[PDB]
Structures are given as structure tokens and as C-alpha cells.
């Protein structure tokens, strides 16, 4: 089971050169599954079929409680926790709990105090990019 072919990008081992070339597509994108609409590339054909719904607006995962539909089954699973009051994600620092995992991750950054987004007009610094974008509307409306 010796493997002598290595990828110079991630270091993974392969027994045949043909296996290394097939893997190397993950770094170059060459010959990866390509969407016929936008020509962006994905790691396998299943991820491509998933992305295909972004062009059709199909939402095949419907909540049986409220009737709303979602593009991904994981999104429906996260949404169902709202109905059930299930908040398994908690900030270890202050104890605030969330049903949404990204809401928890986003909140925990506030304990660091980092504000890496600075308004190019007035210099006001924000912890989040979406709040900086909304702040810049104030300058556009001022003009």
C-alpha cells in the first residue's frame, strides 16, 4: 500500500499519478463539474445539482408547521428549532443561547471587540460588514 505521489498544495498521498491528477482538480478547478448557466465550478456533481436550485428558485424542503420552504434540508432543520424553542448553541463567555449556530458564532466575536470594517467617508468602525453597508446609506442619502 505504498504511496509515492504527493500533492504540492495540500500534501495528500496517492498510489498512482492518475489519482494525483484527478485530486489536483480541487485546487485548479480544471475539469470540475461546471454549471451550464453561470459556469462556476463545484467539487462534485451533487454539489452542482444543489447549486442548480439557485437559478430556479426551487425550495424542496417545506416546514410542516408553518408551510415555509427552504433551499436546503439543513436550513429547514435549523428553522424547525425556532418553532420548538430549541437553543442548543450558547456563548461560553456570557451564556447567551441561540437556535442558530451562525448567530452564536457571530455573537461570540463581540467579546473580542474587533471592528475591522471602517467607513471610508467618516472613519466610523464596525464589527460587521452588513452594518457598515447600512451606515453608508446615510452618506448617500446626505448627498
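What we label the rigid core is the largest C-alpha set whose atoms superpose within 1.5 Å from one form to the other. Residue numbers count along the first chain shown, from 1.
Outlying stretch relative to shown form, 81-89 versus 44-52 in 5 other deposited structures of this protein, C-alpha RMS (core): Most displaced of the pair in 5 other deposited structures of this protein: 44-52.
Comparing 66-74 and 34-42 where Cα RMS over structures and residues is taken in 5 other deposited structures of this protein (core fit), larger one: Farther from the shown form on average in 5 other deposited structures of this protein: 34-42.
Selected stretch [higher average CA B-factor]: 63-71 or 23-31: Going by the record's values, the stretch with the higher mean is 23-31.
34-42 set against 99-107, stretch whose average Cα temperature factor tops the other in the entry: So the stretch with the higher mean C-alpha B-factor is 34-42.
Chain thirds of CA B-factor: placement of residue 90: For residue 90, the deposited C-alpha B-factor lands in the middle third.
Relative C-alpha B-factor of residue 81, binned into the chain's lowest, middle or highest third: It falls in the bottom third of the chain.
Relative C-alpha B-factor of residue 119, binned into the chain's lowest, middle or highest third: According to the entry, residue 119 has a C-alpha B-factor in the chain's middle third.
Chain thirds of CA B-factor: placement of residue 132: CA B-factor rank for residue 132: lowest third.
Chain thirds of CA B-factor: placement of residue 50: Its C-alpha B-factor, which the entry lists for residue 50, ranks in the lowest third among residues of this chain.
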